[PDB]
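Residue numbers (our numbering), protein chains in the order written: chain A, 1 to 214; chain B, 1001 to 1222; chain C, 2001 to 2011. Cβ atoms here follow ideal geometry from the backbone N, Cα and C, with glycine treated the same way.
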Amino acid sequence: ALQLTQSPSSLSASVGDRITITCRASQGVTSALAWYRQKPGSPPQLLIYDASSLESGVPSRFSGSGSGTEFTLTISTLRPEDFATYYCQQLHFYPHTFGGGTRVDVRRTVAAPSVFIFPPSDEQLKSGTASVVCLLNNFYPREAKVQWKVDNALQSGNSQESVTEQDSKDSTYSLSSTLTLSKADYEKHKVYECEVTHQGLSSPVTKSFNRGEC
Amino acid sequence: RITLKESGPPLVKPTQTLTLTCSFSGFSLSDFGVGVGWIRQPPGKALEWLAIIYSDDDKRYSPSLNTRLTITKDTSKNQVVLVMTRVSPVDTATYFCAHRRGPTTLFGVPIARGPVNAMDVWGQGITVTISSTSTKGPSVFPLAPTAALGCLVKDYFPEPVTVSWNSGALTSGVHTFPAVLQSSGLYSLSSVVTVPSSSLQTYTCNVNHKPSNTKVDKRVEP
Amino acid sequence: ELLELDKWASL
């Protein structure tokens, strides 16, 4: 159906900045568009309704413009409580589509992740499962990417990652990636590799170990 | 003042039927043009529209979900109910109900339709997890080699689990990652801490998963 | 693409 694309998907800024977010629709939605702000752990909060109407109780630094297929939200002077995720919603057609959201975090200097790789414990191996974890510590910006390799074979569908919320003093993010194998499969290989791609690295950093290598 | 609140079960099993209730106040589903809709949000994901119902009983559903959704209102109890049949793990999300204004009227005559373009008041939301899983305490494993180390808290259910270091004395350089729901229906997470490679001071992860009364202290070394 | 209009698109 209708596509509602937000740009950008992520954005870094500082208190006092003037930021703009956009939402484009694959088809005209007239003025039936709404903007919301969502702080972690809370429900979305309405800011702008009908493309440009300021919702009651909402601070005047929020403004919305556009019609048809192009909409923009602008926050003239970023306040601390504006670091959050924003969404746009279309209500001209059913179903009432939501955009993918754009995250607004605190900007700081680019910082590459300290990468560490942990092999499975012997205690876990006894249980028949092997978990290999990769840690990307204190990096910025938030976007990063982990690729697991086993004897140079690219792993896919067998890992899971999770990210911390931006640090209140570092303004950094940390990521965990767990590669999961059966003990049998784990013991059929030797080189376990975590390859990391980040904007703070000239090239990809790879951290690895040789299983059984004592 | 308008307020909505979602109620229902925090846990449901796959293939089951999930029934959610939106209890509101400050408005009536007998009031002209007023609507109540349901929106969901998988953890770390975007908002996804589910359905809406109006005071004239008009109903619409998300097309990719209309074979499993039923929305109904009880005008006299100020409630709206959403039934989702044959649920699966992708259905775990936080569920929200929200209010939609009807058109502005002047002497009982609609004069402005602009206010209907938004969902103006939302409920706090209810978290629903879909797992065929039973209460289960975690297995704690060491994550051993600034140096990094931690404790892998694996295979537990349900949430949550608390993790501290050195009984609450180590706070700096600690990162307890949000848990991931594994394909098996059990959660898993890691808590790591970064320290001066010089320090290797003892380090132990205090892990407590109340749902199962599983308490574990694991010391981690090089 | 063929979408159904909202309740108030023809008010």
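Pair within 8 angstroms by beta-carbon distance, residue i and residue j
| i | j | result |
| --- | --- | --- |
| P120 of chain A | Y49 of chain A | no |
| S176 of chain A | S159 of chain A | no |
| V104 of chain A | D82 of chain A | yes |
| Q155 of chain A | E195 of chain A | no |
| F1027 of chain B | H1099 of chain B | yes |
| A32 of chain A | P95 of chain A | no |
| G1185 of chain B | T1127 of chain B | no |
| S182 of chain A | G100 of chain A | no |
| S14 of chain A | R79 of chain A | no |
| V1220 of chain B | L1149 of chain B | yes |
| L1029 of chain B | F98 of chain A | no |
| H198 of chain A | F116 of chain A | no |
| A1147 of chain B | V1192 of chain B | no |
| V1116 of chain B | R1101 of chain B | yes |
| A34 of chain A | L91 of chain A | yes |
| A1144 of chain B | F118 of chain A | yes |
| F62 of chain A | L47 of chain A | yes |
| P1138 of chain B | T1214 of chain B | yes |
Cross-strand partners of residue i (DSSP beta bridge)
| i | result |
| --- | --- |
| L2005 of chain C | A:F93 |
| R1100 of chain B | B:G1035 |
| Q38 of chain A | A:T85 |
| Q1201 of chain B | Beta-bridge pairing links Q1201 of chain B to no other residue. |
| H1209 of chain B | B:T1214 |
| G64 of chain A | A:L73 |
| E195 of chain A | A:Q147, A:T206 |
| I19 of chain A | A:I75 |
| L46 of chain A | A:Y36 |
| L181 of chain A | A:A130 |
| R108 of chain A | DSSP lists no partner for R108 of chain A. |
| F1024 of chain B | B:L1004 |
| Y1187 of chain B | B:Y1156, B:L1181 |
| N137 of chain A | A:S114 |
Cβ of residue i within 8 angstroms of any chain A Cβ
| i | result |
| --- | --- |
| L2003 of chain C | yes |
| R1068 of chain B | no |
| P1042 of chain B | no |
| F1141 of chain B | yes |
| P1222 of chain B | no |
| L1047 of chain B | yes |
Minimum Cβ-Cβ distance from residue i to chain C less than 8 angstroms
| i | result |
| --- | --- |
| residue 220 of chain A | Outside the shown range of chain A, which is 1 to 214, sits residue 220 of chain A, and nothing can be said about it. |
| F93 of chain A | yes |
| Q27 of chain A | yes |
| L2 of chain A | yes |
| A32 of chain A | yes |
| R1001 of chain B | no |
| residue 997 of chain B | There is no way to answer for residue 997 of chain B, as the model of chain B reaches only from 1001 to 1222. |
| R1101 of chain B | no |
| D1058 of chain B | yes |
Chain B within 8 angstroms of residue i, Cβ atoms only
| i | result |
| --- | --- |
| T164 of chain A | yes |
| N210 of chain A | no |
| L54 of chain A | no |
| residue 272 of chain A | Not covered by the structure: residue 272 of chain A. The range shown for chain A is 1 to 214. |
| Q124 of chain A | yes |
| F98 of chain A | yes |
| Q160 of chain A | yes |
| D170 of chain A | no |
| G64 of chain A | no |
| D105 of chain A | no |
Any non-hydrogen atom of the ligand FMN within 7 angstroms of residue i CB
| i | result |
| --- | --- |
| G1008 of chain B | Among the components modelled here there is no ligand, and therefore nothing to report on the ligand FMN. |
Any contact between the segment 1013-1026 of chain B and the segment 1081-1089 of chain B? By contact I mean 3 or more CB pairs, one from each, below 8 angstroms. yes
As an exercise, report each continuous beta strand (DSSP E) stretch of at least 3 residues that is fully enclosed by the segment 1122-1183 of chain B, in chain order. 1126-1130, 1139-1143, 1147-1156, 1162-1165, 1174-1176
Would you say the segment 1063-1073 of chain B touches the segment 190-210 of chain A, given that touching needs at least three Cβ pairs under 8 angstroms? no
Hey, is the segment 138-145 of chain A in contact with the segment 1119-1127 of chain B, meaning 3+ C-beta pairs nearer than 8 angstroms? no
Can we say the segment 1160-1170 of chain B touches the segment 1200-1212 of chain B, given the rule of at least three CB pairs closer than 8 angstroms? yes
Start-end ranges of the beta strand (DSSP E) lying completely within the segment 1046-1116 of chain B, minimum 3 residues: Listed in chain order, they are 1048-1054, 1059-1061, 1069-1074, 1079-1084, 1093-1100, 1110-1112.
Does the count of Cβ pairs from the segment 19-26 of chain A and the segment 73-89 of chain A closer than 8 angstroms reach three? yes
Quick test of the definition: if touching needs 3 or more C-beta pairs under 8 angstroms, does the segment 1035-1042 of chain B touch the segment 1051-1069 of chain B? Touching, yes, given that three or more Cβ pairs across the two stretches are closer than 8 angstroms.
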